[PDB]
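To be precise, the following lines are work.tsv, and they hold TSV, N, CA and C atoms.
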```tsv
chain	number	residue	atom	x	y	z
A	1	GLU	N	23.49	-24.24	-24.64
A	1	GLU	CA	23.33	-22.84	-25.02
A	1	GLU	C	24.39	-22.48	-26.05
A	2	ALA	N	25.65	-22.70	-25.69
A	2	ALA	CA	26.75	-22.34	-26.57
A	2	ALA	C	26.68	-23.11	-27.88
A	3	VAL	N	26.36	-24.40	-27.83
A	3	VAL	CA	26.29	-25.18	-29.04
A	3	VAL	C	25.19	-24.66	-29.96
A	4	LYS	N	24.00	-24.43	-29.42
A	4	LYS	CA	22.91	-23.93	-30.24
A	4	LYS	C	23.30	-22.59	-30.87
A	5	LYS	N	23.90	-21.70	-30.08
A	5	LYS	CA	24.28	-20.40	-30.62
A	5	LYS	C	25.26	-20.53	-31.77
A	6	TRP	N	26.21	-21.46	-31.65
A	6	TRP	CA	27.24	-21.66	-32.65
A	6	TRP	C	26.64	-22.23	-33.94
A	7	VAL	N	25.74	-23.20	-33.81
A	7	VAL	CA	25.06	-23.74	-34.97
A	7	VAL	C	24.20	-22.65	-35.63
A	8	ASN	N	23.48	-21.89	-34.81
A	8	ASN	CA	22.63	-20.84	-35.35
A	8	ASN	C	23.44	-19.84	-36.15
A	9	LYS	N	24.62	-19.45	-35.66
A	9	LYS	CA	25.40	-18.45	-36.38
A	9	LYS	C	25.87	-18.97	-37.74
A	10	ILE	N	26.14	-20.26	-37.85
A	10	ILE	CA	26.49	-20.82	-39.15
A	10	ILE	C	25.30	-20.73	-40.10
A	11	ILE	N	24.12	-21.09	-39.62
A	11	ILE	CA	22.93	-21.09	-40.45
A	11	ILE	C	22.53	-19.66	-40.84
A	12	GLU	N	22.60	-18.75	-39.88
A	12	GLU	CA	22.02	-17.44	-40.08
A	12	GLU	C	23.00	-16.52	-40.78
A	13	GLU	N	24.28	-16.86	-40.83
A	13	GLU	CA	25.26	-15.97	-41.45
A	13	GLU	C	25.74	-16.43	-42.87
A	14	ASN	N	25.27	-17.61	-43.32
A	14	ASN	CA	25.54	-18.20	-44.62
A	14	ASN	C	24.26	-18.61	-45.30
A	15	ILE	N	23.98	-18.09	-46.48
A	15	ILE	CA	22.72	-18.44	-47.11
A	15	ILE	C	22.62	-19.97	-47.28
A	16	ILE	N	23.68	-20.60	-47.75
A	16	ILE	CA	23.72	-22.04	-47.94
A	16	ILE	C	24.61	-22.61	-46.82
A	17	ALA	N	24.02	-23.38	-45.90
A	17	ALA	CA	24.77	-23.95	-44.77
A	17	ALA	C	24.65	-25.46	-44.83
A	18	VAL	N	25.80	-26.13	-44.86
A	18	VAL	CA	25.85	-27.57	-44.92
A	18	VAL	C	26.67	-28.08	-43.75
A	19	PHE	N	26.07	-28.94	-42.94
A	19	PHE	CA	26.76	-29.65	-41.87
A	19	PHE	C	27.12	-31.03	-42.40
A	20	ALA	N	28.39	-31.38	-42.27
A	20	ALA	CA	28.97	-32.55	-42.91
A	20	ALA	C	29.87	-33.31	-41.93
A	21	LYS	N	30.36	-34.47	-42.35
A	21	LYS	CA	31.36	-35.21	-41.58
A	21	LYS	C	32.52	-35.57	-42.50
A	22	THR	N	33.52	-36.23	-41.96
A	22	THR	CA	34.68	-36.64	-42.71
A	22	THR	C	34.31	-37.83	-43.61
A	23	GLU	N	34.81	-37.82	-44.83
A	23	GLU	CA	34.69	-39.02	-45.68
A	23	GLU	C	33.25	-39.54	-45.80
A	24	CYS	N	32.34	-38.70	-46.26
A	24	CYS	CA	30.90	-38.87	-46.26
A	24	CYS	C	30.45	-38.66	-47.68
A	25	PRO	N	30.21	-39.78	-48.43
A	25	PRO	CA	29.86	-39.66	-49.85
A	25	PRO	C	28.66	-38.75	-50.11
A	26	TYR	N	27.62	-38.86	-49.31
A	26	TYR	CA	26.43	-38.06	-49.55
A	26	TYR	C	26.66	-36.59	-49.19
A	27	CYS	N	27.54	-36.31	-48.23
A	27	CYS	CA	27.95	-34.93	-48.00
A	27	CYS	C	28.64	-34.38	-49.24
A	28	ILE	N	29.60	-35.14	-49.76
A	28	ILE	CA	30.37	-34.71	-50.91
A	28	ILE	C	29.44	-34.49	-52.11
A	29	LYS	N	28.51	-35.41	-52.34
A	29	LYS	CA	27.58	-35.27	-53.45
A	29	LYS	C	26.73	-34.00	-53.28
A	30	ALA	N	26.19	-33.78	-52.09
A	30	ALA	CA	25.33	-32.62	-51.88
A	30	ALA	C	26.11	-31.33	-52.12
A	31	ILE	N	27.32	-31.26	-51.57
A	31	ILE	CA	28.14	-30.07	-51.72
A	31	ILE	C	28.45	-29.83	-53.18
A	32	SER	N	28.74	-30.90	-53.92
A	32	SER	CA	29.05	-30.82	-55.35
A	32	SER	C	27.85	-30.30	-56.13
A	33	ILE	N	26.66	-30.79	-55.82
A	33	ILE	CA	25.46	-30.32	-56.50
A	33	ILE	C	25.30	-28.82	-56.27
A	34	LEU	N	25.46	-28.38	-55.02
A	34	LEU	CA	25.30	-26.98	-54.69
A	34	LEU	C	26.36	-26.11	-55.37
A	35	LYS	N	27.61	-26.56	-55.36
A	35	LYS	CA	28.64	-25.82	-56.06
A	35	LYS	C	28.38	-25.77	-57.56
A	36	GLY	N	27.67	-26.76	-58.10
A	36	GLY	CA	27.31	-26.78	-59.50
A	36	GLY	C	26.39	-25.64	-59.90
A	37	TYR	N	25.68	-25.09	-58.93
A	37	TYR	CA	24.87	-23.90	-59.13
A	37	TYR	C	25.68	-22.62	-58.89
A	38	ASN	N	27.00	-22.75	-58.78
A	38	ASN	CA	27.90	-21.61	-58.56
A	38	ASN	C	27.57	-20.88	-57.27
A	39	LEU	N	27.25	-21.65	-56.24
A	39	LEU	CA	26.84	-21.10	-54.95
A	39	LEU	C	27.99	-20.91	-53.98
A	40	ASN	N	29.21	-21.22	-54.39
A	40	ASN	CA	30.35	-21.22	-53.50
A	40	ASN	C	30.43	-19.97	-52.62
A	41	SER	N	30.21	-18.80	-53.22
A	41	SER	CA	30.38	-17.56	-52.50
A	41	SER	C	29.43	-17.39	-51.32
A	42	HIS	N	28.33	-18.15	-51.33
A	42	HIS	CA	27.31	-18.07	-50.29
A	42	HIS	C	27.14	-19.37	-49.54
A	43	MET	N	28.14	-20.26	-49.63
A	43	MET	CA	28.15	-21.55	-48.92
A	43	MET	C	29.12	-21.57	-47.76
A	44	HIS	N	28.71	-22.30	-46.72
A	44	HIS	CA	29.57	-22.66	-45.61
A	44	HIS	C	29.38	-24.14	-45.31
A	45	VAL	N	30.46	-24.93	-45.39
A	45	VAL	CA	30.44	-26.33	-45.02
A	45	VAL	C	31.17	-26.48	-43.69
A	46	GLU	N	30.48	-27.04	-42.71
A	46	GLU	CA	31.04	-27.27	-41.38
A	46	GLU	C	31.19	-28.76	-41.16
A	47	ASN	N	32.41	-29.22	-40.88
A	47	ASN	CA	32.64	-30.61	-40.55
A	47	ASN	C	32.42	-30.80	-39.05
A	48	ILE	N	31.25	-31.32	-38.70
A	48	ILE	CA	30.87	-31.46	-37.31
A	48	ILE	C	31.46	-32.69	-36.63
A	49	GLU	N	32.03	-33.61	-37.40
A	49	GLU	CA	32.75	-34.72	-36.80
A	49	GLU	C	34.05	-34.24	-36.18
A	50	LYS	N	34.70	-33.29	-36.84
A	50	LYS	CA	35.91	-32.73	-36.29
A	50	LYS	C	35.52	-31.57	-35.36
A	51	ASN	N	34.94	-31.97	-34.23
A	51	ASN	CA	34.38	-31.05	-33.26
A	51	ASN	C	34.18	-31.82	-31.97
A	52	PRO	N	34.53	-31.26	-30.81
A	52	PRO	CA	34.33	-32.02	-29.56
A	52	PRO	C	32.87	-32.20	-29.21
A	53	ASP	N	32.00	-31.42	-29.83
A	53	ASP	CA	30.59	-31.42	-29.48
A	53	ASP	C	29.72	-32.01	-30.59
A	54	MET	N	30.26	-32.94	-31.37
A	54	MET	CA	29.52	-33.55	-32.46
A	54	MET	C	28.12	-34.00	-32.04
A	55	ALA	N	28.00	-34.76	-30.95
A	55	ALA	CA	26.70	-35.29	-30.58
A	55	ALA	C	25.72	-34.19	-30.25
A	56	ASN	N	26.17	-33.14	-29.57
A	56	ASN	CA	25.31	-32.01	-29.25
A	56	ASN	C	24.84	-31.28	-30.51
A	57	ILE	N	25.75	-31.12	-31.46
A	57	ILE	CA	25.38	-30.53	-32.74
A	57	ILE	C	24.39	-31.39	-33.46
A	58	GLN	N	24.62	-32.71	-33.55
A	58	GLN	CA	23.68	-33.61	-34.22
A	58	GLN	C	22.32	-33.58	-33.56
A	59	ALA	N	22.28	-33.58	-32.24
A	59	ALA	CA	21.00	-33.54	-31.54
A	59	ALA	C	20.26	-32.25	-31.87
A	60	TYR	N	20.97	-31.13	-31.90
A	60	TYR	CA	20.31	-29.88	-32.24
A	60	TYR	C	19.83	-29.89	-33.69
A	61	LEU	N	20.65	-30.41	-34.60
A	61	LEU	CA	20.21	-30.52	-35.99
A	61	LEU	C	18.96	-31.38	-36.09
A	62	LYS	N	18.83	-32.40	-35.26
A	62	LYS	CA	17.61	-33.20	-35.26
A	62	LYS	C	16.43	-32.40	-34.71
A	63	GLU	N	16.65	-31.59	-33.68
A	63	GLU	CA	15.58	-30.72	-33.20
A	63	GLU	C	15.11	-29.77	-34.30
A	64	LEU	N	16.04	-29.28	-35.12
A	64	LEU	CA	15.70	-28.33	-36.17
A	64	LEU	C	15.09	-28.97	-37.41
A	65	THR	N	15.47	-30.21	-37.71
A	65	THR	CA	15.20	-30.79	-39.02
A	65	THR	C	14.53	-32.15	-39.02
A	66	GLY	N	14.52	-32.84	-37.88
A	66	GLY	CA	13.98	-34.18	-37.80
A	66	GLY	C	14.98	-35.31	-37.93
A	67	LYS	N	16.21	-35.04	-38.35
A	67	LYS	CA	17.24	-36.06	-38.46
A	67	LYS	C	18.54	-35.56	-37.87
A	68	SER	N	19.30	-36.49	-37.30
A	68	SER	CA	20.60	-36.21	-36.73
A	68	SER	C	21.76	-36.51	-37.67
A	69	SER	N	21.47	-37.09	-38.83
A	69	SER	CA	22.50	-37.48	-39.77
A	69	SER	C	23.01	-36.30	-40.58
A	70	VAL	N	24.22	-36.46	-41.10
A	70	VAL	CA	24.76	-35.54	-42.07
A	70	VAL	C	24.80	-36.20	-43.44
A	71	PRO	N	24.70	-35.39	-44.50
A	71	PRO	CA	24.63	-33.93	-44.46
A	71	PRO	C	23.27	-33.41	-44.00
A	72	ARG	N	23.31	-32.19	-43.46
A	72	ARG	CA	22.11	-31.44	-43.09
A	72	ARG	C	22.25	-30.08	-43.72
A	73	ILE	N	21.27	-29.70	-44.54
A	73	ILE	CA	21.37	-28.58	-45.46
A	73	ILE	C	20.26	-27.58	-45.18
A	74	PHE	N	20.66	-26.32	-45.06
A	74	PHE	CA	19.77	-25.19	-44.89
A	74	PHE	C	20.03	-24.20	-46.02
A	75	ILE	N	18.95	-23.60	-46.51
A	75	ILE	CA	19.04	-22.54	-47.52
A	75	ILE	C	18.21	-21.37	-47.00
A	76	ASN	N	18.92	-20.27	-46.69
A	76	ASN	CA	18.40	-19.07	-45.99
A	76	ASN	C	17.54	-19.44	-44.79
A	77	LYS	N	18.07	-20.28	-43.99
A	77	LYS	CA	17.49	-20.72	-42.75
A	77	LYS	C	16.38	-21.74	-42.90
A	78	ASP	N	15.93	-22.00	-44.07
A	78	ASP	CA	14.92	-23.01	-44.31
A	78	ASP	C	15.59	-24.38	-44.39
A	79	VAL	N	14.89	-25.40	-43.93
A	79	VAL	CA	15.43	-26.74	-43.95
A	79	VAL	C	15.21	-27.38	-45.31
A	80	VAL	N	16.30	-27.76	-45.98
A	80	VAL	CA	16.22	-28.62	-47.14
A	80	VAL	C	16.20	-30.07	-46.67
A	81	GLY	N	17.16	-30.42	-45.82
A	81	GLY	CA	17.24	-31.75	-45.27
A	81	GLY	C	18.58	-32.37	-45.60
A	82	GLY	N	18.55	-33.59	-46.13
A	82	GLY	CA	19.75	-34.29	-46.50
A	82	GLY	C	19.99	-34.26	-48.00
A	83	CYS	N	20.97	-35.04	-48.43
A	83	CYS	CA	21.30	-35.11	-49.84
A	83	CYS	C	20.11	-35.63	-50.66
A	84	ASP	N	19.39	-36.62	-50.15
A	84	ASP	CA	18.28	-37.16	-50.92
A	84	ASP	C	17.18	-36.09	-51.10
A	85	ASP	N	16.93	-35.31	-50.05
A	85	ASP	CA	15.99	-34.21	-50.14
A	85	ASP	C	16.45	-33.21	-51.21
A	86	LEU	N	17.76	-32.93	-51.23
A	86	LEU	CA	18.32	-32.01	-52.21
A	86	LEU	C	18.14	-32.55	-53.62
A	87	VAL	N	18.39	-33.84	-53.83
A	87	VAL	CA	18.22	-34.45	-55.14
A	87	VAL	C	16.77	-34.34	-55.60
A	88	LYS	N	15.82	-34.62	-54.71
A	88	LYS	CA	14.42	-34.48	-55.06
A	88	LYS	C	14.11	-33.04	-55.47
A	89	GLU	N	14.52	-32.08	-54.65
A	89	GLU	CA	14.27	-30.68	-54.97
A	89	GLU	C	14.92	-30.29	-56.29
A	90	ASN	N	16.14	-30.76	-56.50
A	90	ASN	CA	16.87	-30.43	-57.71
A	90	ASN	C	16.15	-30.97	-58.93
A	91	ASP	N	15.77	-32.24	-58.89
A	91	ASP	CA	15.17	-32.87	-60.04
A	91	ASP	C	13.79	-32.32	-60.35
A	92	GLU	N	13.09	-31.83	-59.34
A	92	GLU	CA	11.71	-31.39	-59.50
A	92	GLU	C	11.58	-29.89	-59.67
A	93	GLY	N	12.70	-29.17	-59.71
A	93	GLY	CA	12.68	-27.74	-59.99
A	93	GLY	C	12.59	-26.85	-58.77
A	94	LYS	N	12.41	-27.43	-57.59
A	94	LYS	CA	12.24	-26.65	-56.37
A	94	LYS	C	13.54	-25.98	-55.95
A	95	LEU	N	14.66	-26.66	-56.15
A	95	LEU	CA	15.94	-26.06	-55.78
A	95	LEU	C	16.20	-24.80	-56.61
A	96	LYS	N	16.01	-24.89	-57.92
A	96	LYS	CA	16.25	-23.74	-58.77
A	96	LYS	C	15.32	-22.60	-58.36
A	97	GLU	N	14.06	-22.90	-58.04
A	97	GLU	CA	13.11	-21.89	-57.60
A	97	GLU	C	13.60	-21.20	-56.33
A	98	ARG	N	14.08	-21.97	-55.35
A	98	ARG	CA	14.60	-21.38	-54.11
A	98	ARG	C	15.70	-20.42	-54.45
A	99	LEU	N	16.61	-20.86	-55.30
A	99	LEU	CA	17.79	-20.08	-55.59
A	99	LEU	C	17.46	-18.83	-56.40
A	100	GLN	N	16.49	-18.92	-57.30
A	100	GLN	CA	16.08	-17.75	-58.06
A	100	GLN	C	15.51	-16.67	-57.15
A	101	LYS	N	14.72	-17.07	-56.17
A	101	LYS	CA	14.12	-16.12	-55.24
A	101	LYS	C	15.17	-15.39	-54.40
A	102	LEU	N	16.33	-16.01	-54.23
A	102	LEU	CA	17.42	-15.45	-53.47
A	102	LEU	C	18.40	-14.66	-54.35
A	103	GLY	N	18.13	-14.60	-55.65
A	103	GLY	CA	19.02	-13.93	-56.57
A	103	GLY	C	20.31	-14.67	-56.82
A	104	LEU	N	20.34	-15.96	-56.52
A	104	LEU	CA	21.57	-16.73	-56.63
A	104	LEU	C	21.78	-17.36	-57.99
A	105	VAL	N	20.69	-17.50	-58.72
A	105	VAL	CA	20.74	-17.98	-60.09
A	105	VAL	C	19.70	-17.18	-60.85
A	106	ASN	N	19.94	-16.98	-62.15
A	106	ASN	CA	19.05	-16.17	-62.97
A	106	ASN	C	17.71	-16.85	-63.23
```
I'd like the structure from this file rewritten - as structure tokens, please.
Amino acid sequence: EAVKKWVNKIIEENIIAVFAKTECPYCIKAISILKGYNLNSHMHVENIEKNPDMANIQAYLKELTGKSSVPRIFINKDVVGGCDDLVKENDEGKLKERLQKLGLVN
């Protein structure tokens, strides 16, 4: 209960929510791509490895998204997925479209 509530508050209180771990190249890449859209002011990165409940968080992220791995990326509560999902959306114009609808990019 407590774990789900805590994860939910991160997702629901930050337009761009990224769950990450320590020393994770694909986390770093995803975060860098998002910051490249000047999204910093609406981003929250949570390092779930530095947490006593990592496994519970990962399991919940899998319930929400289909995967337990990090990074796990949400944009206004919608599931983007991982870094590879973000790259696909970015390259195909879907990421910019999401962000335009949110007023985050012109």
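Going from atom CA of residue 37 of chain A to atom N of residue 70 of chain A covers 22.0 Å.
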Legend entry - Residues within 8 Å of residue 20 of chain A, all atoms listed in the file, excluding chain neighbours under 3 positions, as number ranges by chain: A: 17, 23-24, 26-28, 44-50, 69-73
Legend entry - Between atom CA of residue 63 of chain A and atom CA of residue 42 of chain A - distance in Å to one decimal: 24.3 Å
Inset, instruction - State, in Å with one decimal place, the distance from atom CA of residue 9 of chain A to atom C of residue 97 of chain A. - result: 23.3 Å
Inset, instruction - Pick out the closest residue to residue 75 of chain A from this set: A:16, A:33, A:61, A:95. Count only N, CA and C atoms. - result: A:16
Inset, instruction - Run DSSP on the backbone and give me the residues of chain A it puts in strand (DSSP E or B), as a count of residues only. - result: 18
Box centre and edge lengths (Å, one decimal), axis-aligned, segment 67-72 of chain A plus 6 Å each side, as JSON:
```
{"center_x": 20.5, "center_y": -33.8, "center_z": -40.6, "size_x": 20.6, "size_y": 19.4, "size_z": 19.8}
```
Legend entry - helix (DSSP H, G or I) residues, from DSSP on the backbone, in chain A, as an MDAnalysis selection string: chainID A and resid 2:13 25:36 40:42 54:65 83:92 94:101
Inset, instruction - Would you please work out which residue, of A:80, A:2, A:96, A:105, is nearest to residue 19 of chain A when using only C-alpha atoms? - result: A:80
Place N, CA, C and O atoms on segment 86-105 of chain A and deliver the coordinates as an mmCIF file, in the frame of the given file.
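File produced: rebuild.cif:
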```
data_model
loop_
_atom_site.group_PDB
_atom_site.id
_atom_site.type_symbol
_atom_site.label_atom_id
_atom_site.label_comp_id
_atom_site.auth_asym_id
_atom_site.auth_seq_id
_atom_site.Cartn_x
_atom_site.Cartn_y
_atom_site.Cartn_z
ATOM 1 N N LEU A 86 17.760 -32.930 -51.230
ATOM 2 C CA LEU A 86 18.320 -32.010 -52.210
ATOM 3 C C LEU A 86 18.140 -32.550 -53.620
ATOM 4 O O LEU A 86 17.800 -31.790 -54.534
ATOM 5 N N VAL A 87 18.390 -33.840 -53.830
ATOM 6 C CA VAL A 87 18.220 -34.450 -55.140
ATOM 7 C C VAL A 87 16.770 -34.340 -55.600
ATOM 8 O O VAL A 87 16.505 -34.001 -56.746
ATOM 9 N N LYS A 88 15.820 -34.620 -54.710
ATOM 10 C CA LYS A 88 14.420 -34.480 -55.060
ATOM 11 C C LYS A 88 14.110 -33.040 -55.470
ATOM 12 O O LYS A 88 13.491 -32.792 -56.506
ATOM 13 N N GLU A 89 14.520 -32.080 -54.650
ATOM 14 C CA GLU A 89 14.270 -30.680 -54.970
ATOM 15 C C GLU A 89 14.920 -30.290 -56.290
ATOM 16 O O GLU A 89 14.354 -29.538 -57.084
ATOM 17 N N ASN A 90 16.140 -30.760 -56.500
ATOM 18 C CA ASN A 90 16.870 -30.430 -57.710
ATOM 19 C C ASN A 90 16.150 -30.970 -58.930
ATOM 20 O O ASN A 90 15.901 -30.237 -59.894
ATOM 21 N N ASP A 91 15.770 -32.240 -58.890
ATOM 22 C CA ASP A 91 15.170 -32.870 -60.040
ATOM 23 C C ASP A 91 13.790 -32.320 -60.350
ATOM 24 O O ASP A 91 13.360 -32.344 -61.495
ATOM 25 N N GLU A 92 13.090 -31.830 -59.340
ATOM 26 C CA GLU A 92 11.710 -31.390 -59.500
ATOM 27 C C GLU A 92 11.580 -29.890 -59.670
ATOM 28 O O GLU A 92 10.483 -29.384 -59.786
ATOM 29 N N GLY A 93 12.700 -29.170 -59.710
ATOM 30 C CA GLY A 93 12.680 -27.740 -59.990
ATOM 31 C C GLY A 93 12.590 -26.850 -58.770
ATOM 32 O O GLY A 93 12.677 -25.622 -58.902
ATOM 33 N N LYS A 94 12.410 -27.430 -57.590
ATOM 34 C CA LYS A 94 12.240 -26.650 -56.370
ATOM 35 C C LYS A 94 13.540 -25.980 -55.950
ATOM 36 O O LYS A 94 13.533 -24.863 -55.453
ATOM 37 N N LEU A 95 14.660 -26.660 -56.150
ATOM 38 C CA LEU A 95 15.940 -26.060 -55.780
ATOM 39 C C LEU A 95 16.200 -24.800 -56.610
ATOM 40 O O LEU A 95 16.537 -23.757 -56.068
ATOM 41 N N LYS A 96 16.010 -24.890 -57.920
ATOM 42 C CA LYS A 96 16.250 -23.740 -58.770
ATOM 43 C C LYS A 96 15.320 -22.600 -58.360
ATOM 44 O O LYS A 96 15.746 -21.459 -58.304
ATOM 45 N N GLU A 97 14.060 -22.900 -58.040
ATOM 46 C CA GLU A 97 13.110 -21.890 -57.600
ATOM 47 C C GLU A 97 13.600 -21.200 -56.330
ATOM 48 O O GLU A 97 13.548 -19.971 -56.226
ATOM 49 N N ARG A 98 14.080 -21.970 -55.350
ATOM 50 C CA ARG A 98 14.600 -21.380 -54.110
ATOM 51 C C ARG A 98 15.700 -20.420 -54.450
ATOM 52 O O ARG A 98 15.772 -19.311 -53.924
ATOM 53 N N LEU A 99 16.610 -20.860 -55.300
ATOM 54 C CA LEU A 99 17.790 -20.080 -55.590
ATOM 55 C C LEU A 99 17.460 -18.830 -56.400
ATOM 56 O O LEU A 99 18.054 -17.778 -56.185
ATOM 57 N N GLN A 100 16.490 -18.920 -57.300
ATOM 58 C CA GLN A 100 16.080 -17.750 -58.060
ATOM 59 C C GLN A 100 15.510 -16.670 -57.150
ATOM 60 O O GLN A 100 15.799 -15.491 -57.328
ATOM 61 N N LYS A 101 14.720 -17.070 -56.170
ATOM 62 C CA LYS A 101 14.120 -16.120 -55.240
ATOM 63 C C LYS A 101 15.170 -15.390 -54.400
ATOM 64 O O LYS A 101 14.930 -14.279 -53.924
ATOM 65 N N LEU A 102 16.330 -16.010 -54.230
ATOM 66 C CA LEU A 102 17.420 -15.450 -53.470
ATOM 67 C C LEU A 102 18.400 -14.660 -54.350
ATOM 68 O O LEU A 102 19.379 -14.117 -53.845
ATOM 69 N N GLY A 103 18.130 -14.600 -55.650
ATOM 70 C CA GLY A 103 19.020 -13.930 -56.570
ATOM 71 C C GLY A 103 20.310 -14.670 -56.820
ATOM 72 O O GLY A 103 21.280 -14.070 -57.285
ATOM 73 N N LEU A 104 20.340 -15.960 -56.520
ATOM 74 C CA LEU A 104 21.570 -16.730 -56.630
ATOM 75 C C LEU A 104 21.780 -17.360 -57.990
ATOM 76 O O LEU A 104 22.894 -17.718 -58.361
ATOM 77 N N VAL A 105 20.690 -17.500 -58.720
ATOM 78 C CA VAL A 105 20.740 -17.980 -60.090
ATOM 79 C C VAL A 105 19.700 -17.180 -60.850
ATOM 80 O O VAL A 105 18.711 -16.732 -60.276
#
```
